[PDB]
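What follows is a short report on a single structure.
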């Protein structure tokens, strides 16, 4: 498994997140965004993802924060930056590979059950360039 990533991200999660509700991966339940929760998912489990025994760290860190529909964009956005950035920066591997974590696209979603709720999908690709 690519579980080395899981360990790194979980450690950072433990140290820097709000600590409200965490998901190892996005659950197969009804829209999470009914309640405030955060899930962290890194690429390599969806597919074989080619297991790497390499010294270099590369992964997509896809972090999803789920918040009530009554939560405005600025608050969702704030939640994302204020927690997620200190979390990712806390990952030692990111410090090893790159000077600072390089941004990738932000997408706003809600797409499991009905989707009228609020979730913020932030994607970070590491070793992107």
GNM result for the chain, Cα springs below 10 Å: residue of 94, 116, 61 fluctuating most strongly: 116
Anyone know which of 18, 43, 99 comes out most mobile in the 10 Å Cα GNM of the chain? 99
In degrees from 0 to 90, rounded to the nearest 10, what is the angle of the helix 4-16 Cα long axis to the longest principal axis of the chain? 50 degrees
Under a crude label model (7 Å from the Cα following the beta-carbon direction), how far is residue 116 from residue 10 in nanometres? 3.7 nm
I want to make sure I understand the PRE zone here: with the label point 7 angstrom from the Cα of residue 106 toward its beta carbon, which residues in the stretch 39-82 have backbone N atoms less than 16 Å away? 62-67, 71-82
Give the order of 1, 15 when sorted by the count of other beta carbons within 10 angstrom, beginning with the fewest. 1, 15
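Read-outs: derived from the displayed coordinates by stated rules, not from any lab. Neighbour counts are summed over all protein chains in view; Cβ atoms, including those assigned to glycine, are modelled from backbone coordinates with ideal geometry.
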